[PDB]
Amino acid sequence: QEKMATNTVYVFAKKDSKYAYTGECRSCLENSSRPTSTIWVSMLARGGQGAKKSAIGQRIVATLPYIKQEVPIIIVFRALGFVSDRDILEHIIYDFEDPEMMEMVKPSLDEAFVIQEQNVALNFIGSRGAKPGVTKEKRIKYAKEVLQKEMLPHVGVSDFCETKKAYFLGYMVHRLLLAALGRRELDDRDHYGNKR
Amino acid sequence: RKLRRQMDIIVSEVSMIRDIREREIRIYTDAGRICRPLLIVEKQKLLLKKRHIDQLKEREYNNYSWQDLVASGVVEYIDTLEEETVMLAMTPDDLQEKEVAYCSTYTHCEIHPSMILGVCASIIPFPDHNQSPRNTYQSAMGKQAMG
Amino acid sequence: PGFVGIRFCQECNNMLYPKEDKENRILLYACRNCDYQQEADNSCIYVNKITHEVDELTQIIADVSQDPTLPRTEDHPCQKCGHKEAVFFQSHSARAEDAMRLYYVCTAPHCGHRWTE
Amino acid sequence: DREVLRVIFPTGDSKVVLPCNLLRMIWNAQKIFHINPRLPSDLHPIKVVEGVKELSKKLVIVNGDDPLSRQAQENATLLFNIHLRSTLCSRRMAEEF
Amino acid sequence: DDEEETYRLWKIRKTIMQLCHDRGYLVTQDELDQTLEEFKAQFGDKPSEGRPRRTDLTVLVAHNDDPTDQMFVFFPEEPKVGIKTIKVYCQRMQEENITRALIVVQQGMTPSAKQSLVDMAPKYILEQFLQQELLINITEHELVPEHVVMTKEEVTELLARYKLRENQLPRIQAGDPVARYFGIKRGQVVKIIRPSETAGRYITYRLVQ
Amino acid sequence: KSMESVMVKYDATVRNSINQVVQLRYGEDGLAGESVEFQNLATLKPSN
Amino acid sequence: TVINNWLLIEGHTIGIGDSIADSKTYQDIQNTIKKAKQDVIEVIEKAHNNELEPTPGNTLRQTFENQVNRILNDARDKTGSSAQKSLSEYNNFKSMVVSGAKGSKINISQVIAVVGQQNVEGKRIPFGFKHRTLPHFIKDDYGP
Amino acid sequence: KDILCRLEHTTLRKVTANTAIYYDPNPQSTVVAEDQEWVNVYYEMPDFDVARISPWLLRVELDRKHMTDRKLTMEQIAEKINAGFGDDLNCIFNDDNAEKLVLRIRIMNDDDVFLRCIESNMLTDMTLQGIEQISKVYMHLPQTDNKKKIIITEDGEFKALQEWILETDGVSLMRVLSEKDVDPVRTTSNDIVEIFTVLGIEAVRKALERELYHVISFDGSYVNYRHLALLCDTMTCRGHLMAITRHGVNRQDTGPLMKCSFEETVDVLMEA
Ligand SMILES: [Zn+2]
Ligand SMILES: [Zn+2]
């Protein structure tokens with residue numbers, strides 16, 4: 001039986017949906033009883049305005065497993081213990097001498113400047129989950145559980161795997177930015193290097 | 001690659017892909033990838049020398065198998081990812097002699113083009129002289145002939 | 001003109017945002033987490049190249065000369081090192097590939113020069 | 001009829017579907033009756049005109065006598081009667097048929 | 001623009017004249033097709049707050065026979081027409097003794113006024129047309145065949161000859177742009193003459209529903 | 001299934017199942033499609 | 001009945017002798033293929049040096065694609081015509097095509113002269129690999 | 001070409017080369033190296049204070065190629081922007097002195113990103129030329145006589161005049177038909193619902209007949225006119241377009257057994 005290759009980042013174009021370019025990674029750790037859990041890193045298209053008098057740029061948003069709402073990328077990066085915008089931009093864009101990519105990621109960075117703490121970021125992660133939280137308590141733990149054992153199991157499931165997961169998520173966002181720029185071509189669903 | 005042409009540490013099935021345009025190098029060890037053996041072209045010379053054929057004709061005597069040729073660093077398995085970053089020679093009698101040069105930078109050589117076909121498309125005499133729908137229909141009928 | 005980069009704070013290392021000075025009529029970069037100010041360098045705070053006239057040679061890297069699947073030529077020597085052999089390839093990018101422009105990369109080691117024909 | 005046709009067919013083509021293949025029927029009549037068209041004919045052109053008019057009366061799609069049915073009959077066999085006049089006219093029956 | 005406005009007003013005037021003539025009214029021959037320069041000379045060549053403004057060219061036409069009924073056409077000043085604007089036209093009509101009238105709206109009518117138009121149908125009939133509807137006489141289009149309104153006597157003759165009822169005729173919408181062009185009400189058979197490539201001419205009938 | 005009841009009645013008209021006239025005569029001329037041929041109108045395409 | 005029973009006396013066949021043209025026709029076919037191939041190559045070298053000018057209405061890549069498809073279609077038609085002038089009136093492919101019973105001129109051209117351009121979704125073979133159709137070709141190879 | 005430009009939907013994005021926003025509090029000492037500011041220097045248009053007091057501006061540079069192809073001028077674009085934005089915006093253009101076509105836009109008197117928001121709202125839907133709901137339009141000379149203008153000469157002989165015809169990619173009648181130098185008689189369409197909104201039902205019957213004959217006889221096949229006429233008459237014997245689905249067949253009074261014989265079976269019987 002054919003299947004899409006697991007643990008590999010792909011950039012596709014849902015030309016009919018509200019997303020310009022959508023990234024995905026059907027992450028599945030080898031020798032793990034749990035099945036694969038696909039995480040999507042999408043960019044809201046709305047090429048012009050975001051149907052507002054203030055929403056100028058496109059905002060990158062992530063579809064995490066067991067979470068029903070479109071979580072922003074910066075929220076997840078803050079929830080991983082990276083509070084500074086400079087550090088997140090280091091993990092996303094590896095060169096600070098190409099202002100065009102930084103300008104493209106600027107609207108997504110400026111969506112979530114309200115949330116600055118890891119506690120608030122994790123609380124927003126726990127909001128609108130497949131299993132909704134009770135209060136501030138038992139919802140911080142559920143969000144921590146989701147970020148620990150649901151998204152990206154192939155980069156590791158452990159307490160010290162926060163930075164490795166942050167690096168791989170930054171790679172997913174960076175590849176999405178490259179696809180949005182065209183510096184790397186889009187990925188084919190029928191290329192047999194993308195199948196198992 | 002030097003370790004894969006010797007089977008020191010890395011298994012022959014494992015594949016390395018160096019993305020050169022974008023600075024990446026990915027090594028795949030998954031279970032499910034689909035590969036096929038290809039000759040290795042060092043210089044515009046094949047590594048399949050005459051001595052390999054001499055030791056390969058006398059099987060059941062020298063115990064020189066296909067796995068020994070894989071261990072000799074002559075053939076290796078190339079999967080679909082690695083085919084995007086390989087210069088594949090079709091046949092050696094045409095694509096290693098000097099001419100008005102096409103690329104002169106071959107890395108692998110196809111063993112024989114007839115091995116691109118399946119089991120039922122291999123029983124067709126002169127399948128390239130036919131039309132492709134006819135080959136497909138014969139492939140359907142070949143699994144139905146009495147015998 | 002030119003592109004505009006993201007300014008960064010010095011204390012909390014967040015993004016600085018443009019704002020006006022009601023007194024001196026100058027632009028100041030101000031943080032939103034803390035209260036830190038910087039004098040602006042240019043009036044251009046936002047830019048948008050829509051015709052997309054990009055310098056493709058910047059996106060070209062020298063290591064692509066090691067690709068065996070790229071075609072080589074001994075017809076065009078390198079301008080810097082004078083090496084007669086160089087690889088040539090297309091743009092390999094979107095917002096492009098409407099014109100078939102060749103980009104040459106010299107394959108000589110430790111030079112890595114690229115240019116456009 | 002020429003003006004009516006040019007109103008009906010703005011595009012300059014006349015390949016139209018009609019029931020009776022009149023040219024073939026004229027040819028069949030020639031072959032059956034052994035015309036030998038070198039000799040002068042012996043049919044009165046007024047017989048041709050009256051026969052065509054009587055035939056157009058005999059070809060009925062719509063029955064009745066009230067003018068609404070008369071207009072329906074005229075419109076039903078307008079194109080065919082135009083073709084019938086064109087093919088079975090006096091000049092062609094006297095010269096080329 | 002000002003020349004564009006006078007061209008648009010002249011085209012609307014020409015389409016209204018052709019509509020009245022095809023409806024069966026008294027349309028003067030030179031008024032039926034006048035030059036744009038003639039319109040500019042007669043009205044002023046400046047619709048932008050000038051001589052050829054609206055309400056100056058309200059065309060009053062009578063019927064070819066029974067010259068009593070008239071539908072003196074209306075041209076509102078405002079783009080979006082309302083009830084308090086059409087009540088002035090209702091006052092002008094009740095000042096007269098005629099029940100039909102046409103208004104040429106610039107933008108869309110407010111739906112409350114759309115209901116108000118129906119709210120006086122038995123008393124006096126009001127039709128409305130947008131600017132884009134009257135910038136082209138659709139009856140001149142090659143896709144539109146010859147629509148002719150039939151009298152009641154002809155409808156009775158048709159139904160008696162074909163021995164069928166009004167329920168059995170192929171029908172046509174009351175909101176049909178051609179039906180609106182002729183302003184036919186419900187239950188009014190329209191004969192349609194169109195050329196056919198298999199019979200020459202074909203006359204169909206469309207009862208209004 | 002849209003037109004499985006549209007037939008020619010005995011007054012040579014075309015009516016559906018509910019006696020609604022689709023065409024007053026079949027094919028706008030009342031002629032069946034088997035006994036017709038392509039013919040040339042000689043009156044059309046001459047010079048005056 | 002009667003035509004079949006005359007066909008018994010006459011007999012009708014088809015074979016490998018009906019699919020082979022004389023060496024002069026083969027030389028004409030190969031010369032046409034070589035000329036068209038060189039024409040495509042020189043069009044390619046014009047496109048690389050930005051000496052190709054875009055047709056009004058589309059991009060430069062499509063002016064190139066239109067030129068290449070036009071040249072290859074002209075080669076296919078010319079080779080087909082030059083192939084179907086050498087049947088010698090006894091070729092059974094011509095016997096079936098002229099009668100219209102089975103086949104057409106395109107089948108004769110493809111059997112004898114040249115198969116022609118292969119298409120996927122109305123255009124040429126796409127770059128399934130990274131900027132090449134098959135791993136045997138160099139990258140960015142827009143040749144025939 | 002003029003009609004082609006007057007029909008195609010031309011936004012500001014398709015014409016602009018690049019754009020940027022600046023902060024130039026003193027227009028006299030403009031930071032963007034332009035002396036054309038002589039206008040503002042001697043302009044009696046409200047100087048600043050409650051006017052050009054807005055120091056931030058929108059500097060957008062057009063290309064000469066698309067301004068030449070669309071047959072546009074700087075004044076026309078400025079007038080369209082002023083009409084679409086009222087007196088809240090100020091636009092200063094550039095004369096034909098250099099290839100650099102400059103439009104400088106200021107706010108006349110949320111804070112600073114509102115100019116960027118209206119920049120997006122100006123690149124999107126300014127509608128400089130043509131109508132909406134239409135993409136690039138292609139024009140050509142016909143070859144088949146169906147589109148060639150067939151005229152009748154004074155000696156009665158037909159003649160095929162090969163005149164330019166347009167062919168759009170969107171659809172909007174009763175608005176293209178309103179344009180000048182456009183034949184309002186022979187201008188047909190490809191969509192049927194749009195004709196039904198414009199030209200009625202019988203014209204839709206003719207249009208459906210022509211389109212059906214086109215899609216049938218494109219590959220050289222022939223289908224008699226009786227069948228085409230019957231299908232186009234059954235779909236238009238109700239006044240409106242009777243789509244051949246459940247949504248159009250099962251909305252006419254034919255019979256519960258007839259309507260349940262189609263795809264929806266139980267629901268029709270339950271409603272009956
Ligand atoms: Zn700060
Ligand atoms: Zn060099």
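Here, residue 1 is simply the first one shown, and the rest follow in order.
For this deposited structure, the header notes the method as electron microscopy, 4.0 Å.
The backbone N, Cα and C atoms fix where each Cβ goes, and this holds for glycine too.
According to Swiss-Prot, the features are:
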- C:9-34: zinc finger (ZN_FING)
- C:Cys9, C:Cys12, C:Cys31, C:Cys34: Zn(2+) 1 binding site (BINDING)
- C:74-116: zinc finger (ZN_FING)
- C:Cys78, C:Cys81, C:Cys106, C:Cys111: Zn(2+) 2 binding site (BINDING)
Residues with Cβ closer than 8 Å to the Cβ of C:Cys111 (Zn(2+) 2 binding site), same chain and 6+ apart in sequence? C:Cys78, C:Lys80, C:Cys81, C:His83
I need the CA-to-CA distance for C:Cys106 (Zn(2+) 2 binding site) versus C:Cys9 (Zn(2+) 1 binding site), whole Å please. 41
When you average the Cβ positions of C:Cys9, C:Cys12, C:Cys31, C:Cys34 for the Zn(2+) 1 site, which other residues in that chain have a Cβ within 8 Å of that mean position? C:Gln10, C:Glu11, C:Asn13, C:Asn14, C:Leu16, C:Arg32, C:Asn33, C:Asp35, C:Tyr36
How would DSSP class C:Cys111 (Zn(2+) 2 binding site) in three states? coil
Candidates C:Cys9, C:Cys78, C:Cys106: member of the binding-site residues with the richest Cβ shell (10 Å): C:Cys106
Other residues near the Zn(2+) 2 site, CB within 8 A of the CB centroid of C:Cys78, C:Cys81, C:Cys106, C:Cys111? C:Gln79, C:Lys80, C:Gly82, C:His83, C:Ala86, C:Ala108, C:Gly112, C:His113
Filtered by Cβ distance under 6 Å to ligand 1, the binding-site residues C:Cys9, C:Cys31, C:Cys78, C:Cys106, C:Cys111 reduce to C:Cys9, C:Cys31
Which of the binding-site residues C:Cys12, C:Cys31, C:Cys106 have a Cβ less than 6 Å from any atom of ligand 2? C:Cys106
For each of the binding-site residues (C:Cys12, C:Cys34), count the other CB atoms lying within 10 A of its CB, then report the residue with the highest count. C:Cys12
Would you count the other CB atoms within 10 A of the CB of C:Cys31 (Zn(2+) 1 binding site), including those on all shown protein chains? 22
Determine, from DSSP, whether C:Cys106 (Zn(2+) 2 binding site) sits in helix, strand or coil. strand
Among the binding-site residues C:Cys12, C:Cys31, C:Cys81, C:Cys111, which sit with their Cβ under 8 Å from a Cβ of chain A? C:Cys12
Count of other CB atoms lying within 10 Å of the CB belonging to C:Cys81 (Zn(2+) 2 binding site): 14
